[PDB]
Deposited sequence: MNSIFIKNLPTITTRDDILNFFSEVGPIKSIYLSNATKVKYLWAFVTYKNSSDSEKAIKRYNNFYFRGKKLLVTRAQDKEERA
């Protein structure tokens, strides 16, 4: 409920890029940036404040970063039922 996925990232994306863009909505607790070696990277960002993760989706989904339209979605944990 604090975490988002960021996909369609440019391959030259750095941890600092994620930090600089996504800290604008609120304090970031943790970041994973894939060491994908292919066409696009992905990131997993956890916010300290739950409200900020929703803000990040609202503000950065479909945001262009180096010509790439970012996909920013909620990282929802596994549901209980099949």
Deposited positions lacking CA coordinates: 38
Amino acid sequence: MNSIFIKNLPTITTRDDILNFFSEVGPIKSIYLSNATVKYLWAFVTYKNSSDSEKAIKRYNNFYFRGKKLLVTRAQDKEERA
From here on, numbers count along this sequence of modelled residues.
By its CA B factor, does residue 42 count among the lowest, middle or highest third of the modelled residues in the chain? middle
Which third, lowest, middle or highest, does the C-alpha temperature factor of residue 57 belong to within its own chain? lowest
Residue 36: which third of its chain by C-alpha temperature factor? highest
Going by the recorded CA B-factors, say which third of the chain residue 11 sits in, lowest, middle or highest. highest
Entry-reported Cα temperature factor of residue 75, expressed as the chain third it lands in: middle
